[PDB]
Amino acid sequence: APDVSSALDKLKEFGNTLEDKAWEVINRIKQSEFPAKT
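Residues numbered from 1 in each chain as written, not as in the entry; some residues may be left out. Heavy atoms only, no water.

Method of determination for the deposited model, per the PDB record: solution NMR.

In the PDB, the title recorded for this entry is "STRUCTURAL STUDIES OF A BABOON (PAPIO SP.) PLASMA PROTEIN INHIBITOR OF CHOLESTERYL ESTER TRANSFERASE".

Observations concerning the pattern of salt bridges
Inclusion rule: The working definition used for a salt bridge is a side-chain nitrogen of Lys or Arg within 4 Å of a carboxyl oxygen of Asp or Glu. Helix and strand definitions follow DSSP, with helices as H or I runs of at least four residues and strands as E runs of at least two, each counted in order from the N terminus. Here's how the labels work: a residue is buried when its accessible area is under 20% of the maximum for its type, exposed when over 50%, partly exposed in between, all with a 1.4 Å probe on protein chains only.
For the structure on display, the rule yields one salt bridge. The residue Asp9 makes a salt bridge to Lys12 at a minimum N-O spacing of 3.8 Å. Placement of the pair is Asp9 and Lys12 together in helix α1 (residues 9-14), with a separation of three residues, close to one helical turn. By relative accessible area, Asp9 is classed as partly exposed at 48%.

Structure representation (structure tokens):
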């Protein structure tokens, strides 16, 4: 059997740490409006 029913607690933590931080940066860049054209 696959570990799918026992191998998602790890990845869930991966999108939890640094990930939530990346979104936390959207508040430090979105407030500035990040108008820097590309």
